[PDB]
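Just the one chain here, the form deposited in one PDB entry, laid out as structure tokens.
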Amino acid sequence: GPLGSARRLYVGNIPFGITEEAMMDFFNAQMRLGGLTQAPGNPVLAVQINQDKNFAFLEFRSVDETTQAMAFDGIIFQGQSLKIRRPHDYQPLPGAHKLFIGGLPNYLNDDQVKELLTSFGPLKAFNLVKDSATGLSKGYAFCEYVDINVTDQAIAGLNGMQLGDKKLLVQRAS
């Protein structure tokens, strides 16, 4: 980051004694059969394995093909379900997955509204909108999760749901 790590992926739970070359051939074949490549040839350029800790990193030829490959999370390779993830250095650009939260009781303070949200996971941003003259809540807020996969989970768990005698609205801010 901010622009680094855009063309690599973490692979965990790899099969025992598997070679770099065989893992490369496996992923290149799946990209092709699954229709995920965007040009003739092989998207995966190189594979590096850590034998002792049982994981790999893949290196891709393009930014968009790296992103498509994430669809393979869970794929079974020699009896093993593979865990596919972004590198830890990889971050989306700011505000990319911001949420609007509305329909909140306006007698609730910031920490009480945060406590509903952090039940799904840690936040990296949060604000509850207040009238500046009085400091009183307007009953709506914005947030952003550290992990971006938690976003769909909070939406599915909270949107349209009863809170008091109001139905909460939880959706993407743009």
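All residue numbers refer to positions in the sequence shown, first residue = 1.
Per-stretch averaging of Cα B factors for 47 to 55 and 144 to 152 places 144 to 152 on top. For the pair 107 to 115 and 62 to 70, the mean B factor over Cα atoms is greater in 107 to 115. When the C-alpha B-factors of 9, 24, 14, 163 are ranked from the entry, the top spot goes to 163. The deposited CA B-factor of residue 97 belongs to the highest third of values across its chain.
Ranked by C-alpha B-factor against the other modelled residues of its chain, residue 32 falls in the middle third.
When the CA B factors of the chain's modelled residues are split into thirds, the value for residue 125 lands in the middle one. Annotation for residue 80: C-alpha temperature factor in the middle third relative to the rest of the modelled chain, per the entry.
Unshown form deposited in another entry; subsequent notes refer to it.
Panel note: the distance between the CA atoms of residue 89 and residue 152 is smaller in that other deposited form than in this form, the difference being 3 Å or more. Here's the thing about residue 152 and residue 72: their CA atoms end up at least 3 Å farther apart in that other deposited form than they are in this form.
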